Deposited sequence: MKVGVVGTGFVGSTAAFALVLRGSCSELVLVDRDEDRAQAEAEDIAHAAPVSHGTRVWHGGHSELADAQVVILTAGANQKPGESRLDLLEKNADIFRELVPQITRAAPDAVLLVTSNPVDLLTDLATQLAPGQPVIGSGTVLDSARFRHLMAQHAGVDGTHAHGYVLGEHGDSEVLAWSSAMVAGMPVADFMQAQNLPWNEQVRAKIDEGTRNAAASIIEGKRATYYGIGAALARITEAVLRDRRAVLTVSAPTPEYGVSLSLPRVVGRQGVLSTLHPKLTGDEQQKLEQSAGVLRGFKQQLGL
C-alpha cells in the first residue's frame, strides 16, 4: 500500500505523519517543488514509524509516485478568487505530472477552494478517480459535538455536513441521529437539553491541521482497504453542475455510489444556494 503526497506544506505533512503513526500504508512518498522541504519532512517523519507496522518514507520527484494507490494533492498558494486562480495554475502544472506517473492512483484533492479545484482536477484527469476532502472533517466535527452532548461515544452519532466547504456548508440536522434515533428524540429520552441554542452552539463549532490530517488519512485508508466507508467527500454532482460534498461510499475504486439525503425544504434550499455560489466561480 503506497501513498504519495504532493506539496509538503502543513496539511501534506500532518497527513503524512498521521498516515505513518497509524500504519495506514507501507510506502509513503513526499513530492514537492521545494525538494529540500520535502527531504526534511520525509526524514523527520521516517524516524517515527510504528514498530508493529513500519513504513518506508522518502521524498522524490513526480516519477516516484509510480504505483501509488492514492495520491494526496495538497499543493496550493487577497480575494478567495485569486487564491482560486493561482491554485488552478499550480494544478494545471501538477495534475498532469501526477497522471503521468500514477495514472491509476486515486487523486485526493485538499487544496482550497477544494470543491472547485476538485472540478479542475477532474477535467485535468478524466481517466482517474478524483476526490476532494470536502466536508469530511466538518461532518466528523458535527458528529463529535452531538455525541459529546449526548454523553455517548462518537461512533453512535450520525450526521452529515453537505455542500460547499466553508461558510456556505449545510448541517443536515434533519438527518442527525444518535444511537439510532433522531437526535431530538435521544435527548428527550435522556432528559438532556436540546433546543435552538444548543444546536446553534454546535453549528459554530462544526464550522493547526491535525483534524484534517487525520481525516485525510481515513479517506486514504478507506481506499487502501477497499472499505466502502460513507464519507461526505467532494465530487462532481450532476444535479448541481458542480463538485460538492454529499455522502458517498468510498473504496478502492474511489466513489462507488452517492446517496443524496432527504433534506428539509430549507436545507435543500441552502444547499442549492451553496451550489450557485460555486457555479459562478466555475
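Coordinate coverage of the deposited sequence breaks at 78-82, 213-224, 300-304, these segments carrying no C-alpha atoms.
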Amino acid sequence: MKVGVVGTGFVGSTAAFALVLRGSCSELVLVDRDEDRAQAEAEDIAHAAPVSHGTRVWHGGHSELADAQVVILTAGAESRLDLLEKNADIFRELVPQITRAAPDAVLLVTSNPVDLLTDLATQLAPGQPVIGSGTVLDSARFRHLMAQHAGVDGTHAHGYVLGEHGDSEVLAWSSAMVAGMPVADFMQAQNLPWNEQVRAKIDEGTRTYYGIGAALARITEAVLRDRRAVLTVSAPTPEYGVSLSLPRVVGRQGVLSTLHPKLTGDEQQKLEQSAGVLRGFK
From here on, numbers count along this sequence of modelled residues.
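If you average the C-alpha B-factors over 45-53 and over 253-261, the higher value belongs to 45-53.
In this crystal structure, the stretch out of 94-102 and 126-134 whose C-alpha atoms carry the higher mean B factor is 94-102. Comparing the listed residues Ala88, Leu73, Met146, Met181, the entry records the largest Cα B-factor for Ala88.
In the deposited coordinates, the residue among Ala77, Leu120, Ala150, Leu107 with the greatest CA B-factor is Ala77. Sorting the modelled residues of the chain by their CA temperature factor places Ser243 in the middle third. Looking at the C-alpha B-factors along this chain, the one for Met1 belongs to the middle third. Sorting the modelled residues of the chain by their CA temperature factor places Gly12 in the middle third. The PDB entry assigns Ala217 a C-alpha temperature factor belonging to the lowest third of its chain's modelled residues. In this PDB entry, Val170 carries a Cα temperature factor that places it within the middle third of its chain's modelled residues.
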